[PDB]
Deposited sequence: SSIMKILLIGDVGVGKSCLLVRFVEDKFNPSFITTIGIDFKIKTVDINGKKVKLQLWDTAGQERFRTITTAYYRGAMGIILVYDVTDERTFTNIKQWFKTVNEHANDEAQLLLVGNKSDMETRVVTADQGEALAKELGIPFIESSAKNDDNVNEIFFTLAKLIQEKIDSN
């Protein structure tokens, strides 16, 4: 089966690096997606994982972008208060444009940085306000990245 999963949020928060860590298991930094197959309940699920450049940032406001998407991950940077502030607007825009059975997930990235300004309780609180699950991650330190996609994939398959 195919699960189309999108990463959404401000430029610079680590969307691409989260995607590279999940697929490649490494931190480093014209085809729009990567395919990674994962076992859920003993059955192969192929995730179709969408990441677009800030360059291409303009699509996220269109319903075309979310065509067939079943998971959407909203990402902010724990080091950047503004990217966290901006999450309510991302939520709203996603709900305006995506399938209503789409499962969403909040991710606070860069948990490795001692310059953190957004607490885990803050992220937890926002997540309840939006009615969604919440995970803190570090693409750099390899912390909680696989959990992001497995958590979301399991929620999507329970929908199905």
| property | result |
| --- | --- |
| Ranges missing from the model, given as deposited sequence positions | 1, 31 to 36, 168 to 170 |
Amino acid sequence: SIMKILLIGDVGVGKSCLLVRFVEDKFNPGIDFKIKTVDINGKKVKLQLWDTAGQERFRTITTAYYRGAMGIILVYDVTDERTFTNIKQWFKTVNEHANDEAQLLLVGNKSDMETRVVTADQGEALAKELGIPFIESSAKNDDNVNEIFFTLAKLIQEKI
From here on, numbers count along this sequence of modelled residues.
{"item": "Stretch exceeding the other in mean C-alpha B-factor - 124 to 132, 38 to 46", "value": "38 to 46"}
{"item": "Average Cα temperature factor in the PDB entry - higher stretch of 56 to 64, 109 to 117", "value": "56 to 64"}
{"item": "Chain third (lowest, middle, highest) by recorded CA B-factor, residue given as residue 142", "value": "middle"}
